[PDB]
4 protein chains.
Amino acid sequence: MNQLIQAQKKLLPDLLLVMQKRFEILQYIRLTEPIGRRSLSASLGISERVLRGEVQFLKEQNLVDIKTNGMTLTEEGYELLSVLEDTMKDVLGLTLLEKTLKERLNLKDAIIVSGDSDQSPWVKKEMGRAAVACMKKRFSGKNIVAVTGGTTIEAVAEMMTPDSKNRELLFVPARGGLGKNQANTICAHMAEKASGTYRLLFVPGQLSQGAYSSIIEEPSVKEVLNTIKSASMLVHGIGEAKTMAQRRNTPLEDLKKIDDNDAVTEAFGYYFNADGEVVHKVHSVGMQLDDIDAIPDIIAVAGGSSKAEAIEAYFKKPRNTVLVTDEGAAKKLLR
Amino acid sequence: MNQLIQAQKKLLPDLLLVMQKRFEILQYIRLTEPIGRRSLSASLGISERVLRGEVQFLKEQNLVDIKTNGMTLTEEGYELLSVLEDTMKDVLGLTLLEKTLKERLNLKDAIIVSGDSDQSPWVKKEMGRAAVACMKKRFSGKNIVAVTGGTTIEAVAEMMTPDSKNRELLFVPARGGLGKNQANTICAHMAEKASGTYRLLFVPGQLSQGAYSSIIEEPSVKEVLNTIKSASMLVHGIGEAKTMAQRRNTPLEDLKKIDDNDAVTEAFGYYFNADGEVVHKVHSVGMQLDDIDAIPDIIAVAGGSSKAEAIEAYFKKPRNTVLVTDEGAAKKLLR
Amino acid sequence: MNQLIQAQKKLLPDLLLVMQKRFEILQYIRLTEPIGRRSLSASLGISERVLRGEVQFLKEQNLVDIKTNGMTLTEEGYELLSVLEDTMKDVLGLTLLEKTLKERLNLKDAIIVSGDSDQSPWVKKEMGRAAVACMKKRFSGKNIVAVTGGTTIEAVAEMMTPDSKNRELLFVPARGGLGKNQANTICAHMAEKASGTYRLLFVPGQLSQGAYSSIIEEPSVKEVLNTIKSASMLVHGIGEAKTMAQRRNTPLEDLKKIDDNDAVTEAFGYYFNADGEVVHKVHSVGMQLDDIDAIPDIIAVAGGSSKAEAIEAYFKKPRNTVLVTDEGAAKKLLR
Amino acid sequence: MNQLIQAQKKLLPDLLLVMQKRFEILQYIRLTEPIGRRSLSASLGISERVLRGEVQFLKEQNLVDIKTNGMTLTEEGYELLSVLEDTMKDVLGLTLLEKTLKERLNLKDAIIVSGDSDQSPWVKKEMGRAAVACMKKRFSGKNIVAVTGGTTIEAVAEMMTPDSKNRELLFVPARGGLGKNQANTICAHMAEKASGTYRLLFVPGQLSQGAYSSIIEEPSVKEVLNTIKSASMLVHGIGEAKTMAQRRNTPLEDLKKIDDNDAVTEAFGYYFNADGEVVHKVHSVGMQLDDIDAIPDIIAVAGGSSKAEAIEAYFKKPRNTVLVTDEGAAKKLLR
DNA sequence: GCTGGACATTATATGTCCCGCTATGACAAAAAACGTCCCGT
DNA sequence: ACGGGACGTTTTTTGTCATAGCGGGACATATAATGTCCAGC
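Residues numbered from 1 in each chain as written, not as in the entry; some residues may be left out. Chains lettered and ligands numbered in written order. Heavy atoms only, no water.

The name the PDB entry gives chain A is Central glycolytic genes regulator, with Bacillus subtilis as the organism. Under its PDB header, the title given for this structure is "Central glycolytic genes regulator (CggR) bound to DNA operator". Its UniProt record gives chain A the following Function comment, quoted word for word: "In the absence of glucose, represses the transcription of the gapA operon, which encodes five key glycolytic enzymes. Binds specifically to the cggR-gapA promoter region and blocks the progression of the RNA polymerase, leading to the arrest of the transcription." Per UniProt, chain A has the following entry under Subunit: "Homotetramer. Binds primarily as a dimer to each half-site of the full-length operator, with much higher affinity for the right site. Then, both dimers interact, bridging the two-half sites of the operator region." (UniProt positions renumbered as here; feature names shortened; annotations may be inferred.)

Caption draft 1: Representation of the overall build of chain A in the model. Broken down by element type, chain A carries 15 helices and 13 strands. Dimensions of chain A, computed from C-alpha atoms along their principal axes, come out at roughly 65 × 40 × 35 Å. A total accessible area of about 15,300 Å² is found for chain A, and carbon and sulfur atoms account for 49% of it. Computed over 44 positive and 44 negative side-chain charges, the separation of the two mean positions in chain A equals 2 Å. (Helix = DSSP H or I, 4+ residues; strand = E, 2+ residues; numbered from the N terminus. Areas by Shrake-Rupley, 256 points an atom, 1.4 Å probe, with all protein chains shown as cover. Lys, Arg positive; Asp, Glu negative; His and termini not counted. Charge placed at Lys NZ, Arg CZ, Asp CG, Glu CD.)

Caption draft 2: Representation of the pattern of salt bridges. For the coordinates displayed, the defined rule picks out 70 salt bridges over all chains. The partner of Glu76(C) in a salt bridge is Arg129(B), and the shortest N-O contact between them spans 2.7 Å. Remark: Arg129(B) occurs in helix α7 (residues 123-138) and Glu76(C) occurs in helix α5 (residues 75-92); the pair is interchain, linking two chains. Judged by its relative accessible area of 15%, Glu76(C) is buried. A salt bridge links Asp259(D) to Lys242(D), with the nearest nitrogen and oxygen atoms 3.3 Å apart. Pair noted here: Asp259(D) is in helix α13 (residues 252-260) and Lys242(D) is in helix α12 (residues 241-247), with a separation of 17 residues, a long-range link. By relative accessible area, which is 42% here, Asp259(D) ends up partly exposed. Residue classification places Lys242(D) among the exposed positions, given a relative accessible area of 52%. (Salt bridge = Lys/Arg side-chain N within 4 Å of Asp/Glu carboxyl O. Buried < 20%, exposed > 50% of the residue type's maximum accessible area, 1.4 Å probe, protein only.)

Caption draft 3: Quick look at the protein's contact with DNA strand E. With respect to spatial proximity, 33 residues lie near DNA strand E, and among them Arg49(A), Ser47(B), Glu48(B), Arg37(D) and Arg52(D) are the closest. Near the protein, within 4 Å, the atoms of DNA strand E are sugar or phosphate in 42% of cases. Within the side chain of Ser47(B), one N or O atom sits 2.9 Å away from a phosphate oxygen of DNA strand E. A distance of 3.4 Å is found between a sugar or linking oxygen of DNA strand E and a backbone nitrogen or oxygen belonging to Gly36(D). Residue composition of the surface near DNA strand E, by class: seven nonpolar, eleven polar and 15 charged. (Near = heavy atom within 4 Å. Polar contact = N/O pair within 3.5 Å; in protein donor to acceptor, adjacent residues only side chain to side chain. Nonpolar A, V, L, I, M, F, W, Y, C, P; charged D, E, K, R; others polar.)

Caption draft 4: Structural context of helix α9 (residues 183-194) of chain C. Residues and elements named next belong to chain C. Between its first and last C-alpha, α9 extends 16 Å over twelve residues, near the 16 Å set by a 1.5 Å rise per residue. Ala 183, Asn 184, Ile 186, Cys 187, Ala 188, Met 190, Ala 191 and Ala 194 are the residues of α9 that are buried. Close packing links the buried residues of α9 with α7 (123-138), β4 (142-147), α8 (151-159), β5 (168-173) and β6 (197-198). Downstream of α9 by a residue or two, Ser 195 has a phi angle that is positive, lying close to 55°. (Expected span 1.5 Å × (residues − 1). Contact = heavy atoms within 4.5 Å.)

Caption draft 5: Highlighting the nonpolar core. Counting residues in hydrophobic clusters, the biggest one holds 94 residues, and the most contacted among them are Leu101(A) and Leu101(B). When residues no more than four places from it in sequence are discounted, the contact partners of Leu101(A) are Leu107(A), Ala110(A), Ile112(A), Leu323(A), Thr325(A), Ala330(A), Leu333(A) and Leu334(A). (Core = buried A, V, L, I, M, F, W, Y, C linked by side-chain atoms within 4.5 Å.)

Caption draft 6: Up close: the protein's contact with DNA strand F. Around DNA strand F, the structure places 36 residues, and the nearest of them are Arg37(A), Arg49(A), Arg52(A), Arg37(B) and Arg38(B). Of what DNA strand F places within 4 Å of the protein, 41% of the atoms are sugar or phosphate. In the model, a base oxygen of DNA strand F is placed 2.6 Å from a nitrogen or oxygen of the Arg37(A) side chain. Take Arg49(B): an N or O atom from its side chain is 3.1 Å from a base nitrogen of DNA strand F. Residue classes in the surface near DNA strand F are distributed as eight nonpolar, eleven polar and 17 charged.

Caption draft 7: Layout of the sheet that holds strand β7 (residues 233-236) of chain C. All names here are of chain C. Taking strand neighbours across the sheet as the criterion, the seven strands line up as β3-β13-β12-β7-β4-β5-β6 in an open arrangement whose pairing is parallel. The open sheet has two edge strands with one neighbour each: β3 (109-113) and β6. Bridge count for β7 against strand β12 (residues 297-301) is four bridges, and the pairing is parallel. Pairing of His 236 across the sheet is with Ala 300, part of β12. Packed onto the sheet, helix α6 (residues 94-104) meets β3 and β13 (321-326) and runs at close to 140° relative to β3. Of the strands in this sheet, β3 and β13 touch helix α15 (residues 327-334), which is tilted by about 100° from β13. (Pairing = 2+ DSSP bridges. Axes fitted to C-alpha atoms, helices over the stretch in contact; angles between N-to-C directions.)

Caption draft 8: Structural view of the interface of chain C and chain D. With 16 residues of chain C at the contact, the number on the chain D side is 17 residues. Contact between chain C and chain D buries roughly 1,200 Å² in total, counting both sides, with carbon and sulfur atoms accounting for 62%. Of all residues in chain C, the largest losses of buried area upon contact with chain D belong to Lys180(C), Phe202(C) and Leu207(C), amounting jointly to 31% of the total for that side. Where chain C meets chain D, there are two salt bridges. Across the pair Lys180(C) and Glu192(D) runs a salt bridge whose closest N-O atoms are separated by 2.8 Å. On inspection of chain C and its partner chain D, the count reaches two residue pairs in polar contact. (Buried area = accessible area lost by both parts, 1.4 Å probe.)

Caption draft 9: Summary view of the interface of chain D and chain A. Residue-level contacts link 30 residues of chain D with 28 residues of chain A. Carbon and sulfur atoms make up 72% of the area that chain D and chain A hide from each other, which totals about 2,600 Å². If you sort the residues of chain D by the area they bury against chain A, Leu4(D), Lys10(D) and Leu11(D) come out on top, with a joint share of 26%. Counting the contacts that link chain D with chain A gives three salt bridges. One salt bridge connects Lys125(D) with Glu75(A), and the closest N-O pair in it is separated by 3.8 Å. Counting across the interface, chain D meets chain A through seven residue pairs in polar contact. At the level of elements, α1 (2-11), α2 (15-32), α4 (48-60), α5 (75-91) and α7 (123-138) of chain D are the ones that each hand at least two residues to the side of chain D that touches chain A. Examining the composition of the side of chain D that touches chain A, we find that eight residues originate from one element, α1(D), more than from any other. By residue class, the composition of the side of chain D that touches chain A is 19 nonpolar, four polar and seven charged.

Caption draft 10: Main features of the domain arrangement of chain A. All names here are of chain A. Structurally, chain A comprises domain 1 (2-91) and domain 2 (93-334). Counting from both sides, the interface comprises eight residues of domain 1 and, opposite them, eight residues of domain 2. Both faces considered, domain 1 and domain 2 share a buried interface measuring about 810 Å² in area, 51% of it formed by carbon and sulfur atoms. Taken together, the connections running from domain 1 to domain 2 amount to zero salt bridges. Applying the counting criterion to the domain 1 and domain 2 interface returns six residue pairs in polar contact. Mapped onto the side of domain 1 that touches domain 2, the elements with two or more residues apiece are α2 (13-32) and α5 (75-92). At four residues, the largest contribution of residues to the side of domain 1 that touches domain 2 is made by α2. (Domains from an automatic or database assignment.)

Caption draft 11: View of the sheet that holds strand β11 (residues 278-281) of chain C. Residues and elements named next belong to chain C. Spatial strand order, β8-β9-β10-β11: four strands in an open sheet with antiparallel pairing. Lying at the two open borders of the sheet, with one neighbouring strand each, are β8 (239-240) and β11. Across four bridges, the pairing between strand β9 (residues 263-267) and strand β10 (residues 270-273) is antiparallel. Directly across from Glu 266, in β10, lies its bridge partner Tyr 271. Sitting on the sheet, helix α13 (residues 252-260) is in contact with β9, β10 and β11, with an inclination near 170° to β11.

Caption draft 12: Structural context of the UniProt feature "binding site: beta-D-fructose 1,6-bisphosphate" in chain A. Residue and element names in this part refer to chain A. Per the UniProt record, "binding site: beta-D-fructose 1,6-bisphosphate" is annotated on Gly 149, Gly 150, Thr 151, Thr 152, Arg 175, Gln 182, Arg 247, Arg 248, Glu 266 and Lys 307. Take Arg 175: it is sitting in the loop between β5 (168-173) and α9 (183-194). Since its relative accessible area comes to 13%, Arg 175 is described here as buried. Residues within four places of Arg 175 in sequence aside, it is in contact with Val 147, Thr 148, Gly 149, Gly 150, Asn 181, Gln 182, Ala 183 and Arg 248. Here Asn 181 takes part through its backbone oxygen, which lies 3.0 Å from a polar atom of the side chain of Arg 175.

Caption draft 13: Representation of the state of the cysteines in the model. Residue and element names in this part refer to chain A. Summed over all chains, the structure comprises zero disulfides over all chains. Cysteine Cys 187 is unpaired, with the sulfur of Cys 134 as its nearest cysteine sulfur at 19 Å. Relative accessible area serves as the criterion here: at 0%, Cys 187 is assigned to the buried category. (Disulfide = S-S within 2.5 Å.)

This is how it looks when you write it as structure tokens:
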């Protein structure tokens, strides 16, 4: 099969280009259906008339249905996306790129989707799709999944679907949250979408450690913290440090600490410098950096060209993590 | 008859109002005939122009004769008035029931919808509808609305619609919540449904007072607590005490306190005995019982036959509150 | 309740008119959803702007949902149609009309829907709705339902829904059919819509009796004929004789017989004169006129002003049948 | 590889054609280099203008050198041609398989789709797709298409689309049917899907020949039978004999006849032995085996490994038929 | 014996715009309701 | 005293339409593919 694909790349690149453009149309319909030719052509970079030619082809092949409210995929369309998913990435050049990103960073594996999410918002949804598919490959019979609360993890929640294998799924918020995109919100949304269950907490924000210790000393609370300690999976974002610290209600004393110690990246309530060393921790009830070592599966979902530096810094140390990212970030990092 | 009227009010919301007004006109004519439009309007406190239109309508229906010396009933009018004497007490067993519930309980007003929500789940939605309509009549130009997190208040949130008058609406959670129906969830849902804004908090549960005091001492937190203190409206549920205490993670020491002091009702984090005296408070960051005095508008939404005793106990003291309830609770309380 | 309704008809006829117009909007949405204000206003006799006022009211009462593809009923809308169904007919004047139609014709009962299906095509769908509801009230634990193949029975099939009581339902074609609206087609469509089962036959048309007798003598065939003989219900149309005979491939000899014997009505393969006496039978394998006597439930579904004479003639003899018809036919017959 | 190619053909229907044509150009250059565009076009029977475009493309892909004295392969070209020698027999195991199936069976042509429909249900839909495309290539200006009623022909009907050339299409049922998948049902569904017209009949089943003769003697009936006799196309299935005879209501006398005469295959109401000789005919009004000779286009659609023996037996005699089948059947037959 | 260049014809894709559908708002105008208030009978 | 008439004001409903997105459709034009033919080196 690899021999066939390599021969096709030399003898039929003109045909491979048409196929990729038509495959991209099917992916964007899967994301946004039902959608009409005006909105879909605008969403891609192409004229209504060019799209209308391609969509009429796809309808004739019974891959899309065209109704008064727009276009949706047929069963054959959904099947085709699953069958061609991996080989299409070989010609998109993502395969070689993922190999190299894994040589460069401390990564268990790299999953890169097309595009730059800083330019093309829907790319966050494709990272979401990819992350969900990755989660499902790693689930055991029973699972406790800890999640953070940022907008990329929200995109993972939005793309979550029930598990075909019906494995047991309990979701909890490792980050606790700061303000509606708080880990509790995400945790619940992801569980509803997966037909799983979930457990919840309070918003930590920034407070005296003694106040957190009293919450930690509490029983019904302790039960949720022990569940978080037992997490089998962590799904988290990676942010720019300054962006995260200004978005939160960071005390002026801690802003100065964060700046003076040259923080560049943020993940699950910690700020790290360019060498991936912790420089500040926003105290929260729940997961600690030392706890990630014992979690079998960690999936970081983060992309966009603006995050290349943060992503590089975070993975300057081994994290035993699979990264789901996009070309925006990966190409900027690697060239 | 109750079922028919409840269906008819969906198409004709002030059906009972028109019925009652026309019935009163016919009663007053039977008492004073012949009487003219000037005397009849004055006696009923209706504008002459409105009364003149209604009696001209009744004359077209052959119920009243309009002659040189004024108005008298027809044969048809006397017969109809005799039929309405029987029906209309059954037609208006409600304005009668609400009048009596307000004589019995400490209530600013009573709003009672048909049915028993313990038997007929959709009755919770009609309490919701009624509560929303009540809220909108009480809004000022600017509003801070504090809400609790129980399933009946959830029903109020589900029926919330944007304000026709576009008054300013900020929602906050007075109860803070305990576990997905936490006041924060409700508060947000209600704000989205109203196209208002909202502010949020952490879940208190049961914890040491000192831990809460540290959260109270905090700044970005203090701002939300001060907003709650400035509430112009409170919308809250009323629960059975034992049900509420067992649903929560109540400490065994506090369960014994609650039982030993004969708590029967619960509202906004307080348990009260049969005389409406506080017997226990689940400590929470936010509203205190003493704070309700200063809130201009308080609406309690609670019904079902199982809550009759709790509702009676809660209103054994003046609360300056409008109660939205159902026949389930009201009829069980009053007979 | 009857006292309340009679008082409402005298005191509130202006309010009853508004309610009926809004109820008619809900009925036509149930039939055609999703539908938009341009198509729905045209379907009724009213301007887009008048409809838009009423539909905005219905949305505010949570009886309809308005989406990009048009309007549908909410749960509350479907419920309201079931609760008000019978009382709305009292003011539509259908109750008095049905009483009189049953005094005039040989009828077990009369069910009359509004309108004239000759003028307003959707009236055939409301006869369909009414017939289905009637069938479901008469089902026993086990049912064999024989059906004819005309366009009004097709409308019954289109409105068929699964039985809430999950009674056993087997459908068969009593008429056998003549040409795509053949009883076999209807029989199958009705069974699929009811989640029942069905058995089938060949199209008789017009042929020598001996050819039919050979088909009757056959075994796998005999089993279906015996099933038809065991029918617990018959659902059939009533047609004008000349229309039915010309639509079919009637032999010229039989056309002359039909004309010369003054046939005026047709039902299940028989032509009858003005006194309801058989004058000609299109020979078919299956049900015979003598067999209807032994069928517990017979429902005739037929309407439109053009059928008044045929309907009157058919019921000049006792048929122990419930007629589902429309005002078109009923008012023309009775005045 | 089979799965990848089948997916790729949905986006690029003549992928294998382009592949093969480019492979042949490279083979012919390796044999004759240096060779010019006039000689190479002549030798391959391709127009000089088309060949010139393909070799200019191959030169841009660095596979061929175009010099004053003509064209030679590059290093890359020799390597690619060596890879394609291995792949392309696996890439084109099909045009090879169809060639061989046509050497083995009595076939006008063979069309084989990937997979085994006994294992993979969707393979019946791809046979359907292929059969429709074949039908459309054979249509004349006016067409009478006779069809049988089995589940594979149903799959052909489901994939039917209107004719791009808008040729005239009338469909009729050659098989008449036995029980909802009766030829009449299929015939109608196919006509609706093609925007054609159709004519229909009764279900023959098994009956005395004299009863059929009376139906044959009839006029409006005779017109449909004469239309079937005028068929320009027949589209039929092929079944296992025992399966077909047990599915129908076969008389015990005829089952014994079918068994005792070693029937193995069934098509259009006839059972045949392993040598393709008729051993029993289920009498039906319509097409007879002798009639197929006069039909210009016959397309048999049948596949799955369980039908290999039936398919082989049916085509032991010349039928002037194009077979649409799958690898399931073809590979089992040929190895 | 070939390179590229090229001209006339035929086929396919594209641009443009189009009519007939669905939702939100939005301004103007007409009708209805109403608050007093006039007279004669 | 009481009803009919009525005028000015206020409130509510209606008419007209306005546009983005949804489709299948039509007409015109451009771009490309194709079928040969051109020269000299």
